[PDB]
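Just the one chain here, the form solved without this ligand, laid out as structure tokens.
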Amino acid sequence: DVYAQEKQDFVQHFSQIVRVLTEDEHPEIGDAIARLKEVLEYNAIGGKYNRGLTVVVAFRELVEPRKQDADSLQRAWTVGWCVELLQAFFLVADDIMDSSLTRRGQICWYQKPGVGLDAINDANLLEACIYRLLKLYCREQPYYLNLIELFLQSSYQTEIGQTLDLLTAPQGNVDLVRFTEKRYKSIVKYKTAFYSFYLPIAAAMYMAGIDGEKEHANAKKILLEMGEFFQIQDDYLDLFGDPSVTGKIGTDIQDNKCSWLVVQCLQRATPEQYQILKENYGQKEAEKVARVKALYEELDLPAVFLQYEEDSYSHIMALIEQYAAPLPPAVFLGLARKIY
């Protein structure tokens, strides 16, 4: 795919990212800059890079090839890495707050001996690197302020979404009463859809000089729906995915989360299955978690998900028919192929 053939160059650009960001030497900060290097290497590397590559792929498809200079392609790869760094910031903090164990096939940063809650500041540093990179690479470009504002707004929206995620999942309480489809859709729009799907395409758009309100609004209409599916898939895989593939161990049941699975469970459960859920959800005991997973299987939730994926795929394609123009449909099609 077009993600395949952009990958290698994009990934190789990381050493350049790290080089430029370690050159703040101010010899006095040398030890901190070395810590930053370590943090970047542990937390920005080892996933699929789909968000960052999305910026690069869309940039190649929206920019006139004659305008695809060496320099403007360096900027695209940099802006792609900015998206990956935003992801790394949110994931470092999220793993702490979700009490997670592994991520991307290694133990979570904060679980590393000698890191612990110092990881909070490491996460803030990852965030800071975004704006340092934008200044360094894009400061003289017409779209500079547009990109700054887009990244900050996307961060605010994600943080609002994380807020709702955490409010809906208070530790060691109950009501399943909070866990509604309406609540779920709002959580995921905010925590996932904006930064994972809107951000990378929007950033490429602005870089291509496409700054129009209506063009961004139509793009957003497709991309936010993609983002909802992606988070539903993430919730499904939390329980039913293979950790060798996902790279991480699920914590949604123990964490009392408004997962798509629990929302679907509740919609289907008999009064008696409800009581089993209520007695077993939101608790660390492996035995109780296993009971929840058994309920989910009794209700054929995996089959519900497979049906949903089909209906969602067809809906997203219908939206691309409606909303893609005047942008190349390929911009959306490539993305949808990556996620579905």
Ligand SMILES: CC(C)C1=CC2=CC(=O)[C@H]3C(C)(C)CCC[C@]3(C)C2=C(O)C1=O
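From 1 onward, residues are counted along the sequence shown. Superpose the two forms; the largest set of C-alphas matching within 1.5 Å is the rigid core.
- A chain break between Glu25 and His26 is present, corresponding to 1 to 3 residues of the deposited sequence without coordinates.
- The stretch with the higher mean CA B factor, choosing between 59-67 and 46-54, is 59-67.
- With 262-270 and 248-256 compared on mean CA B-factor from the PDB entry, the stretch scoring higher is 262-270.
- Sorting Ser100, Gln171, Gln87, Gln162 by the CA temperature factor given in the entry leaves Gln171 at the top.
- Within the listed group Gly116, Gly227, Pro243, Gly80, the record reports its top CA B-factor for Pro243.
- Among the modelled residues of its chain, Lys214 has a C-alpha B-factor that falls in the highest third according to the deposited record.
- The entry lists a Cα temperature factor for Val188 that places it in the lowest third of the chain's modelled residues.
- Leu299: CA B factor in the highest third of modelled residues in this chain (values from the PDB entry).
- Compared with the other modelled residues of the chain, the Cα B-factor recorded for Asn146 ranks in the middle third.
- Sort the modelled residues of the chain by CA B factor and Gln106 lands in the middle third.
Missing here is the form deposited with this ligand bound; even so, the following discussion is about that form.
- Residue contact with this ligand in the deposited complex: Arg104 places a heavy atom within 4.5 Å of it.
- This ligand is not drawn, but in the deposited complex it has no heavy atom within 4.5 Å of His216.
- When contacts are judged by a 4.5 Å heavy atom cut-off, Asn50 counts as touching this ligand in the deposited complex.
- Taking the partner from the other structure, this ligand in the deposited complex has a heavy atom within 4.5 Å of a heavy atom of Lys248.
- Residue heavy atoms within 4.5 Å of this ligand in the deposited complex occur in exactly one stretch of 227-235, 137-145, 70-78, 175-183, and that stretch is 227-235.
- Contact with this ligand in the deposited complex, judged by any heavy atom within 4.5 Å, is made by just one of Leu91, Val262, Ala202, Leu126: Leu91.
- Residues of 69-102 lying near this ligand in the deposited complex, listed in sequence order, are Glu84, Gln87, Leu91, the criterion being any heavy atom within 4.5 Å.
- In the core-aligned comparison between the shown form and the other one, the C-alpha of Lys248 is the only one from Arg75, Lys185, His216, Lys248 that shifts by 2 Å or more.
- Taking 2 Å as the criterion, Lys293 counts as shifted between the shown form and the other one: its C-alpha moves by at least this amount when the rigid core is aligned.
- Once both forms are fitted on their rigid core, the CA atom of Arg35 lies less than 2 Å apart between the shown form and the other one.
- With the core held fixed between the shown form and the other one, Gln157 has its Cα displaced by under 2 Å.
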